[PDB]
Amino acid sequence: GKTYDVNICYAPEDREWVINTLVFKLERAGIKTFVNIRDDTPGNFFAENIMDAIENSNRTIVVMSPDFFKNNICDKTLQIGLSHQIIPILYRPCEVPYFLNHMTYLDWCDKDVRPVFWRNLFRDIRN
């Protein structure tokens, strides 16, 4: 019942794939997406933009990578996201923190099952 179907939480180092592949495909599929570089409010505090994205979206996609887990905004977003619903994507191999080590994720790195990645992602969002 939220304005956006999904918010995308990601590190700037992964922007190329996130914007040109993930957001591109989501929007083509009719999925309404909050993306910081378009939808953040300039002059709001970081925490305000985090909260706007989370509370106005049904779920938060978490784009896991080594750079995600070194990024302050990503961590703060994730912590609040755990109190709602998240869709973790393993985009690049990394050390996944203990509190995510028992959560099912969509594994982009597993090339042989890549043929079902988008099906699975879109199904969850639409469910």
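From 1 onward, residues are counted along the sequence shown.
- The PDB entry reports B-factors from which the mean C-alpha value can be compared for 19 to 27 and 106 to 114; the larger average falls on 106 to 114.
- According to the PDB record, 92 to 100 carries the higher mean C-alpha B-factor of the two stretches 57 to 65 and 92 to 100.
- Listed residues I87, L78, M51, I37 were ranked by CA B-factor as deposited; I37 comes out on top.
- Remark: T33 belongs to the lowest third of its chain, ranked by C-alpha B-factor as recorded.
- Remark: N120 belongs to the middle third of its chain, ranked by C-alpha B-factor as recorded.
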